[PDB]
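Sequence first, structure after; it's an experimental one.
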Amino acid sequence: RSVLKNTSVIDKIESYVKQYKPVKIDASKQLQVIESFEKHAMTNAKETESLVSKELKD
Amino acid sequence: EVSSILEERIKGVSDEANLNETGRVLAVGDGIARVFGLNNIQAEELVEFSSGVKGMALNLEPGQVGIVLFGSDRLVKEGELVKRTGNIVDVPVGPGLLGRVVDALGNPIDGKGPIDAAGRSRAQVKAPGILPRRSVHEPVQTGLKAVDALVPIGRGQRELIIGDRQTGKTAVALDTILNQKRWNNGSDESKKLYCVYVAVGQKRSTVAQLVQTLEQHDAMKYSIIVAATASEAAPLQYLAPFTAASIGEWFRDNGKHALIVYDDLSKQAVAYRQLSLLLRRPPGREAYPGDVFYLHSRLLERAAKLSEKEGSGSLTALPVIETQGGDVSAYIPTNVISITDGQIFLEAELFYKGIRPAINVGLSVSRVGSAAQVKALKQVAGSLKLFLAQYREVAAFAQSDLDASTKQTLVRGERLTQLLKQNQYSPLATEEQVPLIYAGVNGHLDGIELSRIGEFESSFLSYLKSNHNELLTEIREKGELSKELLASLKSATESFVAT
Amino acid sequence: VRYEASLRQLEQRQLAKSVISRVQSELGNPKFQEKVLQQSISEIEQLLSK
């Protein structure tokens, strides 16, 4: 700011940047899809695991 | 503001005092004014005309002192006071010159206000002697993979960059300047090379491009560019490397490190020819001034690596010589080749063949060699030198029914050659030079097809950064590759190649 | 910042050519005569001071 000698715009953009300092708001969308995915995955995983464990001993 | 500065300036000029010695131009022709007068004139001393042009007095002849004009002929006109400045050619030198583009005299031509300088030192002072100099022992990593492995460059030893006309010779040099940013930025003051680039006889547009390019890569802040452009008068062009060396001396003497890249000494030569022939000093071989070997030798030997007695400074130098049609037998190249202590020989054919930087691996040599090269990089690229040597010899056999051994060489060789290309105007950190070269050396990339070599290179770097930036950091900081580190590296390469 | 610096440069050359206009006025005056007297005594003072 002390470089500029036309300074009446550095206060403008300083305050505008610090005003709009949140430039994007948070996203957590992986809490609805991740649990659903995890349920099907877990089910299938466990099914495979138990099935093959049984077969090994058979 | 500006008004205040002007008011300061008018106030800042004061009345003068009686000025010893005067001349009257006897005849001024050809930019060689010959002045009758100047009873006591030190040889090579700067003399200032009535008009305002400055000159130096190369010939002190028995009855006339032959000033050489540093500007346009029109300025001086027959008979006119020729004042004696009284200080042999000297240019401001100091830490403060960092970041300013200055002309041969030293005046700011960048237009960023007065050059603040800590001394003015003469521009002809003799080079460090036998006992002051201590042998080279600190690598200077230029960041181009080919330079850094194939031809190591160490602190304080001049090495030529001799190559074919306008094969982007300057680009090879400019790359070195960019890589120095990496060490420069930090706080270790036994690592900062403060480069000075000396643009002699290059059009003002070219030097403007240089200035912009350096600003673009945020590199002006360890650069000083002494520029004496093509337009500038033949004395200014003559004094341009000599002046530059003096700029370098502040760095060398104060014990920093620095690299001064004289670009191009081929044009320096032409300027000396112009002065000498016009001053009617006896002509010599290939119509080049008689003592031309002596002139180039004076400039290039100011580079040195000071002993620990003398503050352990350095002043690496890299002259650039333009080979007219690649005839390395030509008088100006031959002289320089002898004077220098190494060569990098950029070949036009290679440039055309897409190998850019176009270092011809065969015809380049490093005479200080293994003193330089980071210890790590040395270990994993001794092999690289040998492999390429075979590839060169077996190159012509690439025209049938070829032995399996011959075919093995060809596969490895083609892949290595492709690997050593570096995208123009981007340097590459040493800590990533050691990994990339390791892969080729260990033959991991032999399997990878030529078209994918390039893709592999960038991928390997990202892979190294994600998978084990621990490995990278160890490589960087330890700077020596221990068997355990090479072990980890072998694994990493195996993993990378597999994907 | 760039235009601000440009504007300062523009100011510097503008006030420079205006200075040239004042110079042409100064060299007209019989200050042109009167300052020769000043120079005369100044040279007297100077050369005797050596």
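Ah, there it is. Residues are numbered from 1 along each chain as shown, chains lettered A, B, ... in the order given.

What is the neighbour count of the nearest residue to residue B:350 once chain neighbours are set aside?
Distances taken as CB to CB, 6 or more residues apart in numbering or on different chains place residue B:358 nearest to residue B:350, at 4.0 Å, with adjacent residues excluded. C-beta here means a position set from N, CA and C on the backbone, and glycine is covered the same way. Residues near residue B:358, counting by other CB atoms under 10 Å in any protein chain shown, number 25.

Buried residues, the longest helix anywhere in chain C. List them.
The longest helix of chain C (DSSP state H) is helix C:2-26. Residues of helix C:2-26 classed as buried: none (neighbour count, 16 or more other CB atoms under 10 Å in any protein chain shown).

So what touches the helix or strand that it is followed by?
Next in sequence after helix C:2-26, counting helices and strands by DSSP states H and E, comes helix C:31-48. Helix C:31-48 is contacted from outside by B:15, B:17-18, C:26, using CB atoms under 8 Å, 6 or more residues apart in numbering or on different chains.

so which strand or helix has residue B:460?
Short version, using DSSP H and E: residue B:460 is in helix B:453-467.

Please save the CA atoms from that helix in PDB.
The C-alpha coordinates for helix B:453-467 follow below in PDB (Å, rounded to 0.1, in the frame of the first residue of the first chain):
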ATOM      1  CA  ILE B 453       9.200 -41.600 -21.800                       C
ATOM      2  CA  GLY B 454       8.200 -37.900 -21.500                       C
ATOM      3  CA  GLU B 455       4.900 -38.800 -19.700                       C
ATOM      4  CA  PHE B 456       6.800 -41.100 -17.400                       C
ATOM      5  CA  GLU B 457       9.200 -38.300 -16.400                       C
ATOM      6  CA  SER B 458       6.500 -36.000 -15.100                       C
ATOM      7  CA  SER B 459       4.600 -38.900 -13.600                       C
ATOM      8  CA  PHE B 460       7.700 -40.200 -11.700                       C
ATOM      9  CA  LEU B 461       8.100 -36.800 -10.200                       C
ATOM     10  CA  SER B 462       4.400 -36.600  -9.000                       C
ATOM     11  CA  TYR B 463       4.700 -40.200  -7.800                       C
ATOM     12  CA  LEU B 464       7.800 -39.400  -5.900                       C
ATOM     13  CA  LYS B 465       6.100 -36.400  -4.300                       C
ATOM     14  CA  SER B 466       3.000 -38.300  -3.300                       C
ATOM     15  CA  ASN B 467       4.500 -41.700  -2.300                       C
END
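
Tell me the gap between the helix or strand following that helix and the middle of its chain.
Once helix B:453-467 ends, the next helix or strand along the chain (criterion: DSSP H and E) is helix B:469-478. Here the centre of helix B:469-478 is set off from its chain's centre by 30 Å, with CA atoms, centre = their mean, to the nearest Å.

Buried residues in the helix or strand immediately after helix B:469-478 in the chain, which are they?
Per DSSP H and E, helix B:469-478 leads on to helix B:483-498 as the next helix or strand towards the C-terminus. By neighbour count on 16+ other CB under 10 Å, the buried set for helix B:483-498 is B:485-486, B:488-489, B:492-493, B:496-497.

What helices and strands are in contact with helix B:483-498?
Counting contacts by 3 or more CB pairs under 8 Å, 6 or more residues apart in numbering or on different chains; DSSP states H and E, helix B:483-498 is packed against helix B:430-441, helix B:453-467, helix B:469-478.

what sits against residue C:15?
Shown in contact with residue C:15 (CB under 8 Å, 6+ apart): B:2-3, B:6.

quick one on the thing from earlier: touching, the residue nearest to residue B:350 and residue B:171? I think so.
No - in this structure residue B:358 lies outside contact range of residue B:171 using CB atoms under 8 Å: 9.5 Å.

I appreciate the help and will end here.
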